[PDB]
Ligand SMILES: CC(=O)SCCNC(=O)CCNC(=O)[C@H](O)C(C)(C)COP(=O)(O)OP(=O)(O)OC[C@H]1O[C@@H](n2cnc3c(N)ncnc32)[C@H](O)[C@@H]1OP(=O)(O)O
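Next up: just one chain, as structure tokens, the form solved without this ligand.
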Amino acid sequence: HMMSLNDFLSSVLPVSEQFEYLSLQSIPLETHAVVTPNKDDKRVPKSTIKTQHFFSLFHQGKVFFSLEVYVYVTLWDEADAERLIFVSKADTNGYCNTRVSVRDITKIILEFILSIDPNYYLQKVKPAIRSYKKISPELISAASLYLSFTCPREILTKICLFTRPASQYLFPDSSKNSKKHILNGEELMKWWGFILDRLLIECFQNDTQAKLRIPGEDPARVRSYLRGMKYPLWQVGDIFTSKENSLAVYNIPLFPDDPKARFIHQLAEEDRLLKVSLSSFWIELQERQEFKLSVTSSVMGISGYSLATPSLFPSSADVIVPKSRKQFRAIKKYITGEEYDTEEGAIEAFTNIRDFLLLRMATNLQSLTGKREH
């Protein structure tokens, strides 16, 4: 019954109220392995395909919500494959005048991503190394590829996120808006906890790994929080392997803009990736992120199989895929490059996105009427 991104969103938005959304997507591309291969490994992923999804929700001619998600599909062979959803950034600007559930909106967008057939990303992949021939300008006289793969539809699915509080993620200076509710680190952890817990109950099989760690904290308080979860199998810790010595570098996934990756790079700069085990990693991560602006960070991981086989190829109503990386960045930058100290930023972002889509792509933002009763 729920099929399109329109169906999903509509279902969590309030009865009879008008919204619009942007669903933007980069062109899938070959990338480095999510986790640094080691020389003892039997598998090197023959290929890792990365795709960014960027979402914005609008009400009454103003942007008010945005969400940045990456989907990696890792290929080992014809027969085995893994998908990973990395939730990078979510944000609010406080420029919405009706009551909505921002967590049910985030949950349901994630539920849309989970329903996508991983083969959708594999049909046309921009290669990591591209062949090229250049014509030197001497030849003009005065008289004058994409890769494709397949995997099974039902594959191991993982979700990784890292909670850390900030004034803003996607809306510069939105903290200057007095209507903006800025979550502290504890609220933020519990807000993402609720979402993933619902995702488990609604979309995952009962044999799914669900993990939480609050780095640099003793695991005693984590276990307390988790007792209030409705999915029965939450455990303290993470979904990461323990290859090599439990060296962190061979186990830690390297995501865009992510604190785990930023510290891995820091360690690389000191020649210490052969010396920092996982247990130390979390300790030393804590101390630098903490001592920078002391604050609760959490790391959450899901790993298991969907209750329903993903088989959707998003239509043009579900996603807009710009022809270029520059066009992708230009559209996104109308949202992220704007100032949100006044409601005018939320208006200009709407105005600019709408005009760009109409003039350069003859496409409108999608409109929805909410269906959820009070």
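We call the rigid core the largest set of C-alpha positions that still match within 1.5 Å between the two forms. We number the residues from 1 along the sequence you see.
What comes next is about the form deposited with this ligand bound, which is not displayed.
- Using a 4.5 angstroms heavy atom cutoff to this ligand in the bound PDB entry, none of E30, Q52 and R130 count as contacting.
- Taking the partner from the other structure, this ligand in the bound PDB entry has a heavy atom within 4.5 Å of a heavy atom of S101.
- Not displayed here, this ligand is approached by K89 to within 4.5 Å at the level of heavy atoms in the bound PDB entry.
- At the 4.5 Å threshold, heavy atoms of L254 stay clear of this ligand in the bound PDB entry, well away from it.
- In the bound PDB entry, at least one heavy atom of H181 sits within 4.5 Å of a heavy atom of this ligand.
- Residues of just one listed stretch (214-222, 115-123, 182-190, 197-205) have heavy atoms within 4.5 Å of this ligand in the bound PDB entry: 182-190.
- In terms of contact with this ligand in the bound PDB entry, the residue from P165, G301, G304, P172 that brings a heavy atom within 4.5 Å is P165.
- With the partner omitted from this view, the residue of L226, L161, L247, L75 that lies near this ligand in the bound PDB entry is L161 [heavy atom within 4.5 Å].
- Of the residues in 223-257, none comes within 4.5 Å of this ligand in the bound PDB entry through any heavy atom.
- Core superposition between this form and the one not shown leaves every listed residue (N206, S175, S242, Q123) with a C-alpha shift below 2 angstroms except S242.
- Positional change of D257 between this form and the one not shown stays under 2 Å at the C-alpha, relative to the superposed core.
- After superposition on the rigid core, displacement of the C-alpha of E290 between this form and the one not shown amounts to 2 Å or more.
- Inter-residue distance, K243 to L273 (Cα): increased by at least 3 Å in the bound PDB entry versus the depicted form.
- The gap between the Cα atoms of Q289 and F86 is larger in the bound PDB entry, by no less than 3 Å, than in this form.
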